[PDB]
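Have a look at my_file_4.pdb; it's PDB, C-alpha atoms (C1' of nucleotides):
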ATOM      1  CA  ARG Z 494     151.386  38.978  86.764  1.00  0.00           C
ATOM      2  CA  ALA Z 495     155.158  38.566  86.957  1.00  0.00           C
ATOM      3  CA  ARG Z 496     155.241  42.349  87.296  1.00  0.00           C
ATOM      4  CA  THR Z 497     158.567  42.586  89.142  1.00  0.00           C
ATOM      5  CA  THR Z 498     161.908  43.272  87.510  1.00  0.00           C
ATOM      6  CA  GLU Z 499     164.045  40.233  86.632  1.00  0.00           C
ATOM      7  CA  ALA Z 500     160.822  38.223  86.871  1.00  0.00           C
ATOM      8  CA  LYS Z 501     161.071  34.623  85.664  1.00  0.00           C
ATOM      9  CA  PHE Z 502     158.294  32.929  83.674  1.00  0.00           C
ATOM     10  CA  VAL Z 503     158.098  29.143  83.366  1.00  0.00           C
ATOM     11  CA  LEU Z 504     156.116  26.864  81.051  1.00  0.00           C
ATOM     12  CA  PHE Z 505     155.637  23.087  80.962  1.00  0.00           C
ATOM     13  CA  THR Z 506     154.708  21.172  77.807  1.00  0.00           C
ATOM     14  CA  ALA Z 507     155.199  17.655  76.524  1.00  0.00           C
ATOM     15  CA  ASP Z 508     158.094  16.878  74.221  1.00  0.00           C
ATOM     16  CA  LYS Z 509     155.687  15.827  71.460  1.00  0.00           C
ATOM     17  CA  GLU Z 510     153.891  19.171  71.792  1.00  0.00           C
ATOM     18  CA  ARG Z 511     157.068  21.257  71.620  1.00  0.00           C
ATOM     19  CA  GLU Z 512     156.838  22.282  67.964  1.00  0.00           C
ATOM     20  CA  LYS Z 513     153.110  22.969  68.196  1.00  0.00           C
ATOM     21  CA  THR Z 514     153.385  24.996  71.400  1.00  0.00           C
ATOM     22  CA  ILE Z 515     156.410  26.991  70.234  1.00  0.00           C
ATOM     23  CA  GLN Z 516     154.686  27.800  66.942  1.00  0.00           C
ATOM     24  CA  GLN Z 517     151.623  28.850  68.937  1.00  0.00           C
ATOM     25  CA  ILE Z 518     153.729  31.085  71.165  1.00  0.00           C
ATOM     26  CA  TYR Z 519     155.322  32.649  68.096  1.00  0.00           C
ATOM     27  CA  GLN Z 520     151.798  33.251  66.812  1.00  0.00           C
ATOM     28  CA  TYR Z 521     151.045  34.968  70.113  1.00  0.00           C
ATOM     29  CA  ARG Z 522     154.195  37.100  70.133  1.00  0.00           C
ATOM     30  CA  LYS Z 523     153.714  38.112  66.499  1.00  0.00           C
ATOM     31  CA  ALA Z 524     150.101  38.935  67.337  1.00  0.00           C
ATOM     32  CA  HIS Z 525     151.335  41.193  70.125  1.00  0.00           C
ATOM     33  CA  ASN Z 526     153.743  42.836  67.699  1.00  0.00           C
ATOM     34  CA  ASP Z 527     150.969  43.148  65.117  1.00  0.00           C
ATOM     35  CA  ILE Z 528     148.489  44.735  67.504  1.00  0.00           C
ATOM     36  CA  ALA Z 529     151.155  47.113  68.795  1.00  0.00           C
ATOM     37  CA  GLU Z 530     152.414  48.245  65.392  1.00  0.00           C
ATOM     38  CA  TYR Z 531     148.960  48.388  63.797  1.00  0.00           C
ATOM     39  CA  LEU Z 532     147.708  50.522  66.669  1.00  0.00           C
ATOM     40  CA  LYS Z 533     150.779  52.758  66.393  1.00  0.00           C
ATOM     41  CA  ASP Z 534     150.690  53.314  62.632  1.00  0.00           C
ATOM     42  CA  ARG Z 535     146.921  53.250  62.171  1.00  0.00           C
ATOM     43  CA  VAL Z 536     145.842  56.879  62.497  1.00  0.00           C
ATOM     44  CA  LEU Z 537     142.151  57.773  62.504  1.00  0.00           C
ATOM     45  CA  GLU Z 538     140.955  61.363  62.730  1.00  0.00           C
ATOM     46  CA  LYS Z 539     137.366  60.658  63.788  1.00  0.00           C
ATOM     47  CA  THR Z 540     138.445  58.718  66.918  1.00  0.00           C
ATOM     48  CA  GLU Z 541     134.779  57.709  67.303  1.00  0.00           C
ATOM     49  CA  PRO Z 542     132.516  55.078  65.704  1.00  0.00           C
TER      50      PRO Z 542
ATOM     51  CA  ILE A 199     141.550  52.690  71.479  1.00  0.00           C
ATOM     52  CA  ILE A 200     144.464  54.808  72.687  1.00  0.00           C
ATOM     53  CA  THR A 201     147.774  53.979  74.332  1.00  0.00           C
ATOM     54  CA  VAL A 202     151.285  55.266  74.903  1.00  0.00           C
ATOM     55  CA  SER A 203     153.558  54.960  71.870  1.00  0.00           C
ATOM     56  CA  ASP A 204     156.698  57.050  72.470  1.00  0.00           C
ATOM     57  CA  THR A 205     159.953  55.440  73.581  1.00  0.00           C
ATOM     58  CA  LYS A 206     160.202  57.700  76.626  1.00  0.00           C
ATOM     59  CA  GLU A 207     156.666  56.601  77.465  1.00  0.00           C
ATOM     60  CA  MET A 208     157.801  53.020  76.814  1.00  0.00           C
ATOM     61  CA  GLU A 209     160.590  53.243  79.393  1.00  0.00           C
ATOM     62  CA  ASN A 210     158.244  55.043  81.786  1.00  0.00           C
ATOM     63  CA  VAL A 211     156.007  51.986  81.461  1.00  0.00           C
ATOM     64  CA  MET A 212     159.026  49.767  82.126  1.00  0.00           C
ATOM     65  CA  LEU A 213     159.420  51.694  85.383  1.00  0.00           C
ATOM     66  CA  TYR A 214     156.212  50.101  86.692  1.00  0.00           C
ATOM     67  CA  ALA A 215     155.866  47.406  84.016  1.00  0.00           C
ATOM     68  CA  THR A 216     158.335  44.638  83.230  1.00  0.00           C
ATOM     69  CA  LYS A 217     158.939  42.178  80.418  1.00  0.00           C
ATOM     70  CA  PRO A 218     159.820  39.046  82.414  1.00  0.00           C
ATOM     71  CA  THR A 219     162.226  36.567  80.906  1.00  0.00           C
ATOM     72  CA  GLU A 220     160.137  33.763  79.405  1.00  0.00           C
ATOM     73  CA  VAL A 221     161.722  30.316  79.556  1.00  0.00           C
ATOM     74  CA  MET A 222     160.654  26.728  78.956  1.00  0.00           C
ATOM     75  CA  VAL A 223     160.876  23.481  80.909  1.00  0.00           C
ATOM     76  CA  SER A 224     160.325  20.553  78.548  1.00  0.00           C
ATOM     77  CA  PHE A 225     159.716  17.089  79.965  1.00  0.00           C
ATOM     78  CA  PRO A 226     159.643  13.610  78.421  1.00  0.00           C
ATOM     79  CA  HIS A 227     156.040  12.565  77.883  1.00  0.00           C
ATOM     80  CA  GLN A 228     155.312   8.842  78.032  1.00  0.00           C
ATOM     81  CA  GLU A 229     152.123   6.915  77.319  1.00  0.00           C
ATOM     82  CA  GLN A 230     152.531   3.731  79.381  1.00  0.00           C
ATOM     83  CA  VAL A 231     150.458   3.410  82.563  1.00  0.00           C
ATOM     84  CA  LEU A 232     150.568   1.179  85.629  1.00  0.00           C
ATOM     85  CA  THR A 233     148.436  -1.903  86.260  1.00  0.00           C
ATOM     86  CA  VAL A 234     146.779  -0.542  89.404  1.00  0.00           C
ATOM     87  CA  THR A 235     145.450   2.220  87.169  1.00  0.00           C
ATOM     88  CA  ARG A 236     143.707  -0.490  85.153  1.00  0.00           C
ATOM     89  CA  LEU A 237     142.350  -2.064  88.339  1.00  0.00           C
ATOM     90  CA  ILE A 238     140.939   1.229  89.607  1.00  0.00           C
ATOM     91  CA  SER A 239     139.488   1.984  86.174  1.00  0.00           C
ATOM     92  CA  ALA A 240     137.667  -1.348  86.289  1.00  0.00           C
ATOM     93  CA  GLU A 241     136.422  -0.643  89.815  1.00  0.00           C
ATOM     94  CA  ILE A 242     135.076   2.778  88.862  1.00  0.00           C
ATOM     95  CA  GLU A 243     133.443   1.280  85.771  1.00  0.00           C
ATOM     96  CA  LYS A 244     131.700  -1.306  87.943  1.00  0.00           C
ATOM     97  CA  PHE A 245     130.561   1.488  90.245  1.00  0.00           C
ATOM     98  CA  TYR A 246     129.247   3.533  87.326  1.00  0.00           C
ATOM     99  CA  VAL A 247     127.306   0.616  85.866  1.00  0.00           C
TER     100      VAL A 247
ATOM    101  CA  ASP F 347     163.864   0.740  99.183  1.00  0.00           C
ATOM    102  CA  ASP F 348     164.522   2.310 102.590  1.00  0.00           C
ATOM    103  CA  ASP F 349     162.968   3.178 105.942  1.00  0.00           C
ATOM    104  CA  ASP F 350     163.541   6.955 106.157  1.00  0.00           C
ATOM    105  CA  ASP F 351     160.006   8.157 105.444  1.00  0.00           C
ATOM    106  CA  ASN F 352     161.095  11.738 104.682  1.00  0.00           C
ATOM    107  CA  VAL F 353     163.616  10.967 101.953  1.00  0.00           C
ATOM    108  CA  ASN F 354     161.355   8.022 101.109  1.00  0.00           C
ATOM    109  CA  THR F 355     158.529  10.513 100.572  1.00  0.00           C
ATOM    110  CA  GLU F 356     160.814  12.531  98.315  1.00  0.00           C
ATOM    111  CA  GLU F 357     161.856   9.376  96.464  1.00  0.00           C
ATOM    112  CA  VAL F 358     158.339   8.007  95.945  1.00  0.00           C
ATOM    113  CA  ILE F 359     157.133  11.429  94.817  1.00  0.00           C
ATOM    114  CA  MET F 360     159.945  11.417  92.266  1.00  0.00           C
ATOM    115  CA  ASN F 361     159.036   7.833  91.299  1.00  0.00           C
ATOM    116  CA  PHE F 362     155.227   7.642  91.610  1.00  0.00           C
ATOM    117  CA  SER F 363     154.608  10.709  89.444  1.00  0.00           C
ATOM    118  CA  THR F 364     154.439  11.441  85.747  1.00  0.00           C
ATOM    119  CA  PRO F 365     157.520  13.024  84.161  1.00  0.00           C
ATOM    120  CA  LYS F 366     155.568  16.281  84.068  1.00  0.00           C
ATOM    121  CA  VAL F 367     155.100  16.298  87.846  1.00  0.00           C
ATOM    122  CA  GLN F 368     158.683  15.194  88.475  1.00  0.00           C
ATOM    123  CA  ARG F 369     159.997  17.928  86.177  1.00  0.00           C
ATOM    124  CA  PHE F 370     157.834  20.658  87.681  1.00  0.00           C
ATOM    125  CA  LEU F 371     158.799  19.799  91.251  1.00  0.00           C
ATOM    126  CA  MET F 372     162.422  19.517  90.151  1.00  0.00           C
ATOM    127  CA  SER F 373     162.350  23.045  88.741  1.00  0.00           C
ATOM    128  CA  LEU F 374     160.601  24.214  91.892  1.00  0.00           C
ATOM    129  CA  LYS F 375     163.353  22.754  94.082  1.00  0.00           C
ATOM    130  CA  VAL F 376     166.233  24.103  92.005  1.00  0.00           C
ATOM    131  CA  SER F 377     164.749  27.593  91.632  1.00  0.00           C
ATOM    132  CA  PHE F 378     164.346  28.132  95.397  1.00  0.00           C
ATOM    133  CA  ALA F 379     166.898  25.823  97.003  1.00  0.00           C
ATOM    134  CA  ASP F 380     167.943  27.919 100.025  1.00  0.00           C
ATOM    135  CA  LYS F 381     166.692  31.460  99.456  1.00  0.00           C
ATOM    136  CA  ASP F 382     164.974  33.583 102.068  1.00  0.00           C
ATOM    137  CA  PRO F 383     161.201  32.950 102.029  1.00  0.00           C
ATOM    138  CA  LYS F 384     160.777  36.722 102.138  1.00  0.00           C
ATOM    139  CA  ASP F 385     162.824  37.279  98.973  1.00  0.00           C
ATOM    140  CA  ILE F 386     160.666  34.946  96.852  1.00  0.00           C
ATOM    141  CA  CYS F 387     157.142  35.549  95.576  1.00  0.00           C
ATOM    142  CA  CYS F 388     155.827  33.057  93.029  1.00  0.00           C
ATOM    143  CA  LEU F 389     152.563  31.805  91.537  1.00  0.00           C
ATOM    144  CA  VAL F 390     151.695  28.476  89.919  1.00  0.00           C
ATOM    145  CA  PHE F 391     148.771  28.165  87.499  1.00  0.00           C
ATOM    146  CA  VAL F 392     146.848  24.950  86.832  1.00  0.00           C
ATOM    147  CA  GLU F 393     143.771  24.240  84.748  1.00  0.00           C
ATOM    148  CA  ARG F 394     141.327  21.996  86.590  1.00  0.00           C
ATOM    149  CA  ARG F 395     139.628  22.840  89.882  1.00  0.00           C
TER     150      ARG F 395
ATOM    151  CA  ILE D 344     155.441  -2.417  84.880  1.00  0.00           C
ATOM    152  CA  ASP D 345     155.284  -1.139  88.467  1.00  0.00           C
ATOM    153  CA  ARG D 346     157.639   1.657  87.369  1.00  0.00           C
ATOM    154  CA  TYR D 347     157.453   5.174  85.975  1.00  0.00           C
ATOM    155  CA  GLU D 348     160.428   6.602  84.121  1.00  0.00           C
ATOM    156  CA  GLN D 349     162.647   9.169  85.819  1.00  0.00           C
ATOM    157  CA  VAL D 350     164.004  12.345  84.234  1.00  0.00           C
ATOM    158  CA  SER D 351     167.624  13.459  84.079  1.00  0.00           C
ATOM    159  CA  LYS D 352     169.149  16.026  86.446  1.00  0.00           C
ATOM    160  CA  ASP D 353     170.625  18.157  83.670  1.00  0.00           C
ATOM    161  CA  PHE D 354     167.651  20.061  82.218  1.00  0.00           C
ATOM    162  CA  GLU D 355     168.016  23.758  81.513  1.00  0.00           C
ATOM    163  CA  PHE D 356     165.309  26.410  81.259  1.00  0.00           C
ATOM    164  CA  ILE D 357     165.671  26.662  77.504  1.00  0.00           C
ATOM    165  CA  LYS D 358     164.773  30.127  76.239  1.00  0.00           C
ATOM    166  CA  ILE D 359     161.405  30.083  74.484  1.00  0.00           C
TER     167      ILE D 359
ATOM    168  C1'   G O   1     117.654  25.675  92.737  1.00  0.00           C
ATOM    169  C1'   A O   2     117.508  28.251  88.374  1.00  0.00           C
ATOM    170  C1'   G O   3     120.448  29.271  85.598  1.00  0.00           C
ATOM    171  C1'   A O   4     123.168  33.255  82.956  1.00  0.00           C
ATOM    172  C1'   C O   5     127.754  35.036  80.822  1.00  0.00           C
ATOM    173  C1'   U O   6     132.832  34.405  78.587  1.00  0.00           C
ATOM    174  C1'   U O   7     136.303  31.169  76.699  1.00  0.00           C
ATOM    175  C1'   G O   8     137.379  26.844  74.744  1.00  0.00           C
ATOM    176  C1'   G O   9     136.728  22.300  73.319  1.00  0.00           C
TER     177        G O   9
ATOM    178  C1'   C W   1     128.748  16.018  74.672  1.00  0.00           C
ATOM    179  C1'   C W   2     133.692  18.160  78.516  1.00  0.00           C
ATOM    180  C1'   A W   3     136.487  21.655  81.199  1.00  0.00           C
ATOM    181  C1'   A W   4     137.595  26.224  83.182  1.00  0.00           C
ATOM    182  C1'   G W   5     136.353  30.700  84.961  1.00  0.00           C
ATOM    183  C1'   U W   6     132.862  34.420  85.623  1.00  0.00           C
ATOM    184  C1'   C W   7     128.173  36.463  87.114  1.00  0.00           C
ATOM    185  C1'   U W   8     123.173  36.798  89.217  1.00  0.00           C
ATOM    186  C1'   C W   9     121.473  33.696  92.719  1.00  0.00           C
ATOM    187  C1'   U W  10     120.435  28.848  95.932  1.00  0.00           C
ATOM    188  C1'   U W  11     123.027  26.207 101.203  1.00  0.00           C
TER     189        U W  11
END
Show me this structure written as structure tokens.
Amino acid sequence: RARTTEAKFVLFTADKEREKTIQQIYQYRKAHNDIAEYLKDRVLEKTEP
Amino acid sequence: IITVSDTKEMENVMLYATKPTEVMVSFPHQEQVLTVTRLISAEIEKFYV
Amino acid sequence: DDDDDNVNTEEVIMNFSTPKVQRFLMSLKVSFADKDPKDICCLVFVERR
Amino acid sequence: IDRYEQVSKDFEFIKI
RNA sequence: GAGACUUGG
RNA sequence: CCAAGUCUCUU
């Protein structure tokens, strides 16, 4: 949604939840990387189920 | 699934897409609560019963 | 504390709120101190209705 | 208690 | 009104 | 058992 250039994104979490939330966000970012790279490298000729 | 994968396509996406800077705002989370909260909790409990 | 209901409103909001609310409104103030309303376009997301 | 705790003025938008 | 759907708990 | 949103559809 922050689709403009130099867009700023803000998050609020409790101090006690910092490690859990940052690990979760790393899970999310690595999942984005995984989906991107797996889609890129995965090559299927049939292109149809 | 299909999608763009080339770097020139990537920058073309960045023309209309953007990766906003993602930042955090941590806050100190406390557990103590005020007395009037207790009073209102008791009042609502009486109402519920 | 004082009689000026405007700054008193500010002060009580800072004081009668959880650190989460104080921190969020703090960030909101500092991010858009004296910018043109036209130049800014922001969203805030919350969970409950 | 009649009092909530404040929060300092010095926070920064730590990169996440 | 009936619910239905998705997600989560 | 709780929230959110959605959807068809009620006021």
Env of region 527-531 of chain Z: 12 Å cut, atoms = all atoms listed in the file, seq-sep filter 3 positions within chain, self excluded. Answer as a JSON list (two decimals) with C-alpha atoms, keeping the file's coordinate frame.
[["chain", "number", "residue", "atom", "x", "y", "z"],
["Z", 519, "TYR", "CA", 155.32, 32.65, 68.10],
["Z", 520, "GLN", "CA", 151.80, 33.25, 66.81],
["Z", 521, "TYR", "CA", 151.04, 34.97, 70.11],
["Z", 522, "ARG", "CA", 154.20, 37.10, 70.13],
["Z", 523, "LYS", "CA", 153.71, 38.11, 66.50],
["Z", 524, "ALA", "CA", 150.10, 38.94, 67.34],
["Z", 534, "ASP", "CA", 150.69, 53.31, 62.63],
["Z", 535, "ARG", "CA", 146.92, 53.25, 62.17],
["Z", 536, "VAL", "CA", 145.84, 56.88, 62.50],
["Z", 537, "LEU", "CA", 142.15, 57.77, 62.50],
["A", 199, "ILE", "CA", 141.55, 52.69, 71.48],
["A", 200, "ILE", "CA", 144.46, 54.81, 72.69],
["A", 201, "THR", "CA", 147.77, 53.98, 74.33],
["A", 202, "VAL", "CA", 151.28, 55.27, 74.90],
["A", 203, "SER", "CA", 153.56, 54.96, 71.87],
["A", 204, "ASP", "CA", 156.70, 57.05, 72.47],
["A", 208, "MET", "CA", 157.80, 53.02, 76.81]]
Please list, as an NGL selection string, the residues that have an atom at most 9 Å away from (133.0, 34.7, 87.3) in the coordinates of this file, counting only C-alpha atoms (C1' of nucleotides).
(:O and (5-6)) or (:W and (5-7))
Result set of the PyMOL selection byres ((chain D and resi 353) around 12) on the coordinates above, as a list in words
residues 223, 224 and 225 of chain A; 369, 372, 373 and 376 of chain F; 350, 351, 352, 354, 355, 356 and 357 of chain D
May I ask for the distance between CA of residue 498 (chain Z) and CA of residue 367 (chain F), given in Å to one decimal place?
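Computed distance, CA of residue 498 (chain Z) to CA of residue 367 (chain F), equals 27.8 Å.
Between CA of residue 355 (chain F) and CA of residue 371 (chain F) the separation is 13.2 Å.
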Show me, as a count of residues only, every residue of chain Z with an atom at most 6 Å from chain A, counting only C-alpha atoms.
11
At a cut-off of 9 Å, which residues of chain F touch chain A? Count only C-alpha atoms and give the answer as a list in words.
residues 364, 365, 366, 368, 369, 370 and 373 of chain F
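Taking CA of residue 495 (chain Z) and CA of residue 377 (chain F) as endpoints, the distance between them is 15.3 Å.
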Close residues, residue 346 (chain D) itself excluded, 10 Å, only C-alpha atoms (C1' of nucleotides), min 4 positions apart in chain, as a list in words
residues 230, 231, 232 and 233 of chain A; 361, 362 and 363 of chain F
Using all atoms listed in the file: which of Z:525, Z:533, Z:494, Z:511 has the shortest distance to chain F:
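Of the candidates, the smallest distance to chain F is held by Z:494.
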Please find the residues of chain W near chain F - the criterion being any atom within 12 Å, counting all atoms listed in the file - and write them as a PyMOL selection string.
chain W and resi 2-5
On this file, the PyMOL selection byres ((chain W and resi 8) around 9) gives some set of residues; write that set as number ranges by chain.
O: 3-4; W: 7, 9
Quick one: chain D with N, CA and C atoms, as a compact mmCIF listing (two decimals), keeping the file's coordinate frame?
# COMPACT_ATOMS: atom_id res chain seq x y z
N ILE D 344 154.11 -3.09 84.96
CA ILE D 344 155.44 -2.42 84.88
C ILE D 344 155.90 -2.04 86.28
N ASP D 345 154.99 -1.49 87.08
CA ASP D 345 155.28 -1.14 88.47
C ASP D 345 156.29 0.00 88.55
N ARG D 346 156.55 0.68 87.43
CA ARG D 346 157.64 1.66 87.37
C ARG D 346 157.27 2.78 86.40
N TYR D 347 157.40 4.02 86.86
CA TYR D 347 157.45 5.17 85.98
C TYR D 347 158.90 5.51 85.64
N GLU D 348 159.09 6.18 84.50
CA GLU D 348 160.43 6.60 84.12
C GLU D 348 160.81 7.88 84.86
N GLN D 349 162.10 7.99 85.18
CA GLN D 349 162.65 9.17 85.82
C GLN D 349 162.85 10.27 84.78
N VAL D 350 163.57 11.31 85.16
CA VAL D 350 164.00 12.34 84.23
C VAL D 350 165.36 12.86 84.71
N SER D 351 166.24 13.15 83.76
CA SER D 351 167.62 13.46 84.08
C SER D 351 167.71 14.69 84.98
N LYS D 352 168.90 14.89 85.56
CA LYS D 352 169.15 16.03 86.45
C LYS D 352 169.57 17.28 85.69
N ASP D 353 169.84 17.17 84.40
CA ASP D 353 170.62 18.16 83.67
C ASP D 353 169.78 19.16 82.89
N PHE D 354 168.47 19.22 83.08
CA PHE D 354 167.65 20.06 82.22
C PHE D 354 168.07 21.51 82.41
N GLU D 355 167.86 22.32 81.38
CA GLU D 355 168.02 23.76 81.51
C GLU D 355 166.77 24.46 81.00
N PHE D 356 166.50 25.63 81.57
CA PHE D 356 165.31 26.41 81.26
C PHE D 356 165.50 27.04 79.89
N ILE D 357 165.35 26.21 78.85
CA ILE D 357 165.67 26.66 77.50
C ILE D 357 164.82 27.87 77.16
N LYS D 358 165.46 28.90 76.60
CA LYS D 358 164.77 30.13 76.24
C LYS D 358 163.71 29.81 75.19
N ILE D 359 162.51 30.34 75.39
CA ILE D 359 161.40 30.08 74.48
C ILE D 359 160.92 31.38 73.84
